[PDB]
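In: Return a 3D structure for these sequence lines:
(3 chains)
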Amino acid sequence: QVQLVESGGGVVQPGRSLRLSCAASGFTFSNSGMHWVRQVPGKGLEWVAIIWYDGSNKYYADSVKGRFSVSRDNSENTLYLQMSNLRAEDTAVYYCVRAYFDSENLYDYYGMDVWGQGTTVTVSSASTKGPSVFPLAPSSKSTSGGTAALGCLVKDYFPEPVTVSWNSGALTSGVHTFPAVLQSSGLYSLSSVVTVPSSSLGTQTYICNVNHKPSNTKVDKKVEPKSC
Amino acid sequence: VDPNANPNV
Amino acid sequence: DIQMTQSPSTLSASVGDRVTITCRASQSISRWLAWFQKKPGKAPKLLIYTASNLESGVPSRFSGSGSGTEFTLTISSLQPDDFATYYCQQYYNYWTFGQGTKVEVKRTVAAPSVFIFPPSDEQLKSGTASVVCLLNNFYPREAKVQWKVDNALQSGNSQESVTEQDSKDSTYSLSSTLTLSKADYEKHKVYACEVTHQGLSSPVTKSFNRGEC
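Out: Numbering: from 1, shown residues only, chains lettered A, B, ... in the order given. Sure, the structure comes next:
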């Protein structure tokens, strides 16, 4: 039952600071070295920092050296990562990772074993904004045989995430809510498309529900067919 | 101290 | 300064297939190599440590070998739980990971269904025009979507998003969003996306004219 739970993730503007925490349970936190690993969107996994069991030794990756500080509080079973002078490239999912621990610890060089589920840190000068939901209207251009496509464009929201729900009763061959894309404005955007029977386009009602909790926005939009 | 050496007790 | 390279980048396989993925190091790391498994939305899990030793609870179908610069991870019989991404990690000089290797579900080539959506009038009233091109249920994932405005190939004004592989039909779905200003949208009349895929004998073009809808 070795369990590592990250906390403190969220939005932080560039040049500012944020501290992450990691709650350790199921093992002796005081007896284990700990790691921080991050995965920048698109880029692969990269090691951030390591701290010794007693806090006496700390090493960092060159990309975060001089801006990031790793700490621990063995009396509270908590690991810390103080991030300062944050840049957009520091936007990533940060994982709390335990160093390799064995009872017959006769090893020379040590890696990592148990990871936490991770927390997301979004570094941007953008402000919290609810999305604008626009209809992707069905038409002959979005119909192929007995299957038609329609959807909703969820545009210009920050931060992540949003939840797009389609109404029950919308006969659906498949719902594809695409991963978000970061636009040049620093705002996110996604589409949620659904395949429906072409027979029901002139009768069935199709409504998408977009809920953006950070802005407390819950918007429903009906997608109506066009003559095209 | 080698950063890859044993970081545990 | 130890780089880890993995081949292949994407591996297509089926249930029961013997799967082998290779990891190379820029220098000799002896056996100080580890293999991790990460399924989407879930945290990485350590499968193999010291190049070849299996971790506790890891199924015996997983196997690892190598010493020095070249390493391999082998799954003798591929199970449904084994479809994920695998990373190798060296722990000799700091900790660096490979770019990852995704094990996807092999299936027959499936051509994409191409749909195009014109901008809504509500979005045009906000001063921006987004045209969306949908590629639905296709395989393999490699697909080329090109935007043409008045038969002029567009660069820099589109962004694409692809879904993960759906367990139902082992297919992918892709969207391409062309974003223009209302001033530029009304300058031109013809809008089209061209899709090039292995399941298509010729590039498929769906188009629409501003004002027809």
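In: and the residue nearest to residue C:31 when sequence neighbours are not counted, how many neighbours?
Out: Closest residue to residue C:31 apart from its sequence neighbours, by C-beta to C-beta, 6 or more residues apart in numbering or on different chains: residue C:51 at 3.9 Å. (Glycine included, C-beta is placed from N, CA and C.) By other C-beta atoms under 10 Å in any protein chain shown, the residues close to residue C:51 number 23.
In: so where does residue C:51 fall, helix or strand?
Out: Using DSSP states H and E, residue C:51 falls within no helix or strand.
In: just checking, it touches residue C:70?
Out: No - counting by C-beta atoms under 8 Å, residue C:51 does not reach residue C:70; the two are 10.5 Å apart.
In: Just want the most central residue of chain A.
Out: Nearest residue to the geometric centre of chain A (C-alpha atoms, centre = their mean): residue A:120, 5.2 Å.
In: Let me see the backbone angles for it.
Out: Main-chain dihedrals, residue A:120, degrees, to the nearest 10: phi -100, psi 130.
In: Kindly report the same for the one 4 residues further on.
Out: Note on residue A:124: its backbone torsions stand at phi -160, psi 150 [degrees, to the nearest 10].
In: Quick one: end-to-end length of stretch C:120-127, please.
Out: End-to-end distance for stretch C:120-127: 11 Å, by C-alpha to C-alpha, to the nearest Å.
In: I meant to write stretch C:190-206 there.
Out: 11 Å.
In: Quick one: residues in contact with that stretch.
Out: Contacts with stretch C:190-206, where a contact means C-beta atoms under 8 Å, 6 or more residues apart in numbering or on different chains, come from A:141, C:109-112, C:114-116, C:118, C:131, C:133, C:135, C:138-140, C:142-151, C:176, C:178, C:207-210.
In: For it, buried residues please.
Out: Residues C:191-195, C:197, C:204, C:206 are the ones in stretch C:190-206 that count as buried (16 or more other C-beta atoms under 10 Å in any protein chain shown).
In: Show me what the longest helix seen in chain C is in contact with.
Out: Longest helix of chain C, by residue count under DSSP state H: helix C:182-187. Helix C:182-187 has contacts (C-beta under 8 Å, 6+ apart) with C:119, C:124, C:127-129, C:210.
In: one step back: what sits against the residue nearest to the centre of chain A?
Out: Taking C-beta under 8 Å, 6+ apart as the test, what residue A:120 contacts is A:9-10, A:92-94, A:160.
In: Bridged to it, which residues?
Out: residue A:93 (DSSP bridges).
In: One more: residue A:190?
Out: Bridge pairing for residue A:190 - DSSP bridges - gives residue A:154.
In: So which residue is dead centre in chain C?
Out: For chain C, the residue sitting closest to the mean C-alpha position, by C-alpha atoms, centre = their mean, is residue C:141 at 6.7 Å.
In: Next one: that one relative to residue A:50, how far apart?
Out: Using C-beta to C-beta, to the nearest Å, residue C:141 is found at 36 Å from residue A:50.
In: Tell me the spacing between the residue nearest to the centre of chain C and residue C:102.
Out: 10 Å.
In: Once you drop chain neighbours, what's closest to residue A:52?
Out: Spatial nearest neighbour of residue A:52, excluding adjacent residues (C-beta to C-beta, 6+ apart): residue B:7 at 4.9 Å.
In: now swap in residue C:105 and tell me
Out: In this structure, residue C:105 finds its nearest non-sequential neighbour in residue C:170, 4.3 Å apart by C-beta to C-beta, 6+ apart.
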